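Below is one structure, written out as structure tokens; the observations come after it.
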Number of protein chains: 2
Amino acid sequence: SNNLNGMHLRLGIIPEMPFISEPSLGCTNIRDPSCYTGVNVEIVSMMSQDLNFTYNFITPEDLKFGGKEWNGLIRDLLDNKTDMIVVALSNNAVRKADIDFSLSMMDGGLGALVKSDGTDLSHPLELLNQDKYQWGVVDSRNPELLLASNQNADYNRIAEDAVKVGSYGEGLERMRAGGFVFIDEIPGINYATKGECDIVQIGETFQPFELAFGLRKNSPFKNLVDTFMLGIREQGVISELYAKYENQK
Amino acid sequence: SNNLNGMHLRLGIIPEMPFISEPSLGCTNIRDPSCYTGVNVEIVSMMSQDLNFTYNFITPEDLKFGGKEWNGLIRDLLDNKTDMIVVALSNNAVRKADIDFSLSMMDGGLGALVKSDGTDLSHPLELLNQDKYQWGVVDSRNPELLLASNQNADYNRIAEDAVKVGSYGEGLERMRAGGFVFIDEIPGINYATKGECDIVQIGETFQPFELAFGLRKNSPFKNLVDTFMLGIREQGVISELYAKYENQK
Ligand code: NA
Ligand code: NA
Ligand code: NA
Ligand code: NA
């Protein structure tokens, strides 16, 4: 019964399926949630009904998730342009120093994906000892941040020598063209490459992380968000949404 | 030197000169401060430069200042749609129960103004014992709220039996047409009627109040706003702005 009594929230988004779509082509206002679909758009709609808040979406000008002074979604949150980030925001230690994360919607991890040549690598760190494949990460997105901050200096070297692409879409494009290992996040990258039989994963998933919403420290509505998220997680609702969008593709 | 480090604020406005103009006719976005002039628009511009915040303006759909569940500017502030109200918001006890007021920009009071008939009244409470003049107040604006909440049951009766108009402009219009005493706020109503020789004030100004900005309780930026406001008040800058706009008319 306890709720936010009609508080208005601005929610930070970046389009990336299956979590958040691009705005409809007919959209007349990019902030209008009715212009969007996706797992997280539906989570937010249900959350708003339960927690009794109104909301609009705000997309950062720089279209970055957030790297560190921060940019992207995290800079908009810290600046009070938004009140909560509702992408699948990866919880890593560098971000957690400066913002809070909700109870998570699901667990992710890194995968190294490539267009299969037959002479595929067997483990991601084999990239450091060869010259057949380039590899890449998105600037100001969690995989780069993880790899560069990791205790393991070989992961540091992977980030150091990676091609830096400007967007997730660009990384996928370069990967699809061949000769290029894109290191990014599961499960999302498995959705993004669904049905592309020439795309394979090198070795095992590595460096797991939670995917959650982002909030300023000491937020008065964190506990209510966490309780709502836990309910739909424990009930299987988040898994069912994800599967619905996976099957729509 | 201490400041808000680039925080973004949404500021609540209602057009009413000399404090805030209507948006320019060429305006492409009603939230854009560059579309406005007025005493308080200039105060906010200087405040933003000193306190290092970015901002836009938000006008309530109902175009009400705030009466009590609240409506108008005060409901937008309580709902977190805005972060500070930057009209000349009158500080009264009913509002102060639920929001905070900044250090004030100036002192106001109520005046009862009328189109002179020669047979003008001598004191505002004489309205209660005659039938020549109607009188009126704006709904959900401070004079009604003051008069209705006052310890003096005769002021209560004035509010009770007053015509309720939907806007300040409408009250002025009815007053200008004759036979109608408009009870509203000085000094603003003296600006609004500058040069109208047929308009006179009945008796003395009464029921003074501070005019200030509105903030949620426990705002972390109240002390910085207060310090800035005090500086421009003590220096005479607010008086000089007011005089500049008074002379532009
Ligand atoms: Na980079
Ligand atoms: Na190494
Ligand atoms: Na009324
Ligand atoms: Na009376």
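Couple of notes before you dig in:
- The percentage of C-alpha pairs in the range B:157-249 whose separation is greater than 15 Å is 72%.
- For the range B:1-148, size of Cβ-based charge dipole, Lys and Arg +1, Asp and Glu -1, in debye: 180
- Relative pair counts by distance (%), Cα atoms of the protein assembly as shown, 20 Å bins: 20, 41, 25, 12, 2, 0
- Label point 7 Å beyond Cα along the C-beta direction, distances from B:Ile30 to other copies (nm, shortest first): 2.1
- Share antiparallel - DSSP beta bridges, chain A, percent rounded to 5: 60
- In this Cβ point-charge picture (+1 for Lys and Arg, -1 for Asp and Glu), chain B has a dipole of about 520 debye about its Cα centre.
- Per-residue ellipticity at 222 nm computed for chain A from its helices equals -9000 deg cm²/dmol, with DSSP H segments shorter than 4 residues left out and the rest contributing -39,500 (n - 2.57).
- Where rotation carries B onto A, the chain B residue whose Cβ is nearest that axis, in whole Å: B:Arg10, 5
- Cα-Cα P(r), the range A:109-208, percent of pairs per 10 Å interval: 17, 57, 26, 1
- Overall, the protein assembly as shown carries a charge dipole of about 180 debye about its Cα centre when +1 sits on the Cβ of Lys and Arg and -1 on the Cβ of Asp and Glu, all other atoms neutral.
- Sorted into 5 angstrom bins from 0, the C-alpha pair distances of chain B split as 1, 6, 13, 18, 19, 16, 12, 8, 4, 2, 1, 0 percent.
- Placing a label point 7 Å from the Cα of A:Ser45 along the Cα-to-Cβ direction, the distances to the matching points in the other copies come to 4.4 nm, shortest first.
Just so you know, all these numbers are worked out from the coordinates, no wet-lab data involved. Ideal geometry is used to build each Cβ from the backbone, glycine not excepted, and the neighbour counts take in all protein chains shown.
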